[PDB]
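Okay, so here's just one chain, in structure tokens, the form deposited in one PDB entry.
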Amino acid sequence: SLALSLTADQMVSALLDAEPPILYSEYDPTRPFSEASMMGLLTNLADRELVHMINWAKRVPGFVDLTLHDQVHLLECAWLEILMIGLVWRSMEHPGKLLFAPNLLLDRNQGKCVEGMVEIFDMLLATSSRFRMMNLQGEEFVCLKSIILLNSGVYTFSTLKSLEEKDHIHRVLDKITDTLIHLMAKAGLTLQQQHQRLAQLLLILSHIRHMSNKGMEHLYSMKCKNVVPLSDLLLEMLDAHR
């Protein structure tokens, strides 16, 4: 298809070109935050980011080739992982802080305004500290983010033709793997340093999955508690994870 014939530098350029924008929040520094107000800004922010992510997913090489129900499944399972790694990525050059928006840069002390948030806050910070220590590159970021979209839901899909579409997902994933190796070779990394860094990057996705699962329970805790109003799309993505 389109993604299979695509080269490494063309894979990178397609992903780099499909990046969603950085959005601003309605945050007013004149007033101090509360649990309801802070959680209202983050929920409003994620809801708007969700819209851009869905159209970003449509531009990931291979995602169009899938059926609409398979596209829904991957996004239903990966949406918070993708929001989180994007948050971690743009927070990379702000140690000890999470850049939710250019006008919203929070400490872990401010994250205490929301119950249970500080645990997920520290996990997001440690991941961003890990990206900084690894000096993660933007070309590697877009590859990892596309891997999350294609991988996080592929093990919850029994036709042989079902197999054919699933084997297509593994075919695109193998291509993105080749693209990551292609990038590391250009940076002057030895073959040993290439496999090692590839392992380090993919092992972070395990922790990102963990953050998303812990984050999924935190959002479901506030849907029933009704502490902050959740948008219609977010409540729909939340019921996918039950």
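In case it trips you up, residue 1 is the first one in the sequence shown, and so on. In this text, the rigid core denotes the largest set of C-alpha atoms whose superposition between the two forms falls within 1.5 Å.
This protein has a second form, the form deposited in another entry, left out of what is shown; the following refers to that one.
Does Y27 count as moved between this form and the one not shown, where moved means a C-alpha shift of 2 angstroms or more after fitting the rigid core?
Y27 C-alpha, core-superposed: shift of 2 Å or more.
Examine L219 after superposing the rigid core and state whether its CA is displaced by 2 Å or more between this form and the one not shown.
Moves: no, less than 2 Å.
Relative to the form shown here, do the C-alpha atoms of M222 and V118 sit closer together or farther apart in the other entry, given a change of 3 Å or more?
Compared with the shown chain, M222-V118 is farther in the other entry.
If the CA atoms of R31 and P95 move by 3 Å or more in the other entry, do they move toward each other or away, so closer or farther than here?
Relative to this form, closer in the other entry.
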